[PDB]
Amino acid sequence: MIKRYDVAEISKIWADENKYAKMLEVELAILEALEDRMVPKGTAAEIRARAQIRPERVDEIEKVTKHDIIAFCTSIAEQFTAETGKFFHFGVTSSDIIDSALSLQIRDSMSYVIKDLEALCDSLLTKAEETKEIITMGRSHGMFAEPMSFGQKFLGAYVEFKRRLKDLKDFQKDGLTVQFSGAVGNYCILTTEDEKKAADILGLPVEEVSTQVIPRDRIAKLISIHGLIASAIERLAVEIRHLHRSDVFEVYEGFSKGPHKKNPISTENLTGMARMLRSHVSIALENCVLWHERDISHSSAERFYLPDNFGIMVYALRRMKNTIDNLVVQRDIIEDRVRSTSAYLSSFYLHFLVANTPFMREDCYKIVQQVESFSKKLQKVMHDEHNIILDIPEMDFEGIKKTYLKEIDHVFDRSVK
């Protein structure tokens, strides 16, 4: 993480001050659970009141112990009497407290992700309803295709992020677990009853089968979800970058307070942001390949990409929302492009004569191509030349919008559950 995109509350969760404090919150959970066995009643509350998080001293102790778990508990043990810290960190293994506290840093980070994601979904839906009645020329392969609702470009990103919102909220109810199983998950000292009571205090369910560590596929699943959101971010930014260029010139980003040129510098940044979150996916997958009950190759990688994952995501979910809000939509440039193009009308009259006349395609194709009001005279040819009586619709600007946007109301409500 660098200072330019840093969000202080996100990096605070992954700062060593919160890393050690979450470890301590897990230590007091298993200590309070063991109070029903060999630990005196009230010992956990005694430590919870006077415990001080001292990261510099831990690093000082870590130089001697060469292990962050031995320096942490020592920094807590030297603040109390030997009778007090007797059963502190008792029965659990090193990664029992590390990963259980690791899942705490992940739970609290998800709240910032889910909140700003839903705030982004609302900003997209808001921008869709403003531009729902603006008609634009859809582009297939970059070519003009048929007129559509310009709000559907925003409604398309809305329903995508909305599917991502269900992915995160499903994980929040399930994927997060903790472990108090002991050394290699064999419960040499503790019991599953102790793990149950301790996990009940923390508020996260119990790992069904846990080795020395927590199985890394659970974190991998969450990071793979952020990869899906990144492709949604990138697709939305590419949409904005396309309509921002001079050849299109239908949207541009706000210029804050203040040589004055319009440039899509915001959504280009959000493209690089998505490139970072996409790269974390394989990292999460490789961290799943551990030897027997554990190897610690996942730790250093998690120290890097886990703080950047939530940090980049929250900064991206917030920057994307504000960029949509400050986005300037130029309606006259959007709808004039629909007026100047008429090539899509060749297929409209084609499907109209095929549907309402008993003529084949080639017969219906030769009549339209052989053909002010393109509707007025083509209707006369059916009655005069073909002796067929029917009323075509007038394909002026009001007939175009009424034809192609006649279903946009149904698309919006089927999007909103």
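Note that residue numbering follows the sequence shown and begins at 1.
Gap check for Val371 to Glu372: 4 to 9 deposited residues are absent from the model. Coordinates are given for every deposited residue between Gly142 and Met143; the gap count there is zero. Across the two stretches, 344-352 and 52-60, the PDB entry reports the greater mean Cα temperature factor for 344-352. For the pair 230-238 and 249-257, the record assigns the higher mean C-alpha temperature factor to 249-257. As recorded in the entry, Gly91 carries the highest CA temperature factor of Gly175, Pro215, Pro147, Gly91. In this structure the maximum Cα B-factor among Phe154, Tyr187, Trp291, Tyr305 is found at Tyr187. Ranked by C-alpha B-factor against the other modelled residues of its chain, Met38 falls in the lowest third.
For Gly311, the recorded CA B-factor ranks within the lowest third of the chain. Only modelled residues enter the ranking. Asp96: CA B factor in the lowest third of modelled residues in this chain (values from the PDB entry). Annotation for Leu327: C-alpha temperature factor in the middle third relative to the rest of the modelled chain, per the entry. In the deposited entry, the Cα temperature factor of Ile333 sits in the middle third of values across the chain's modelled residues.
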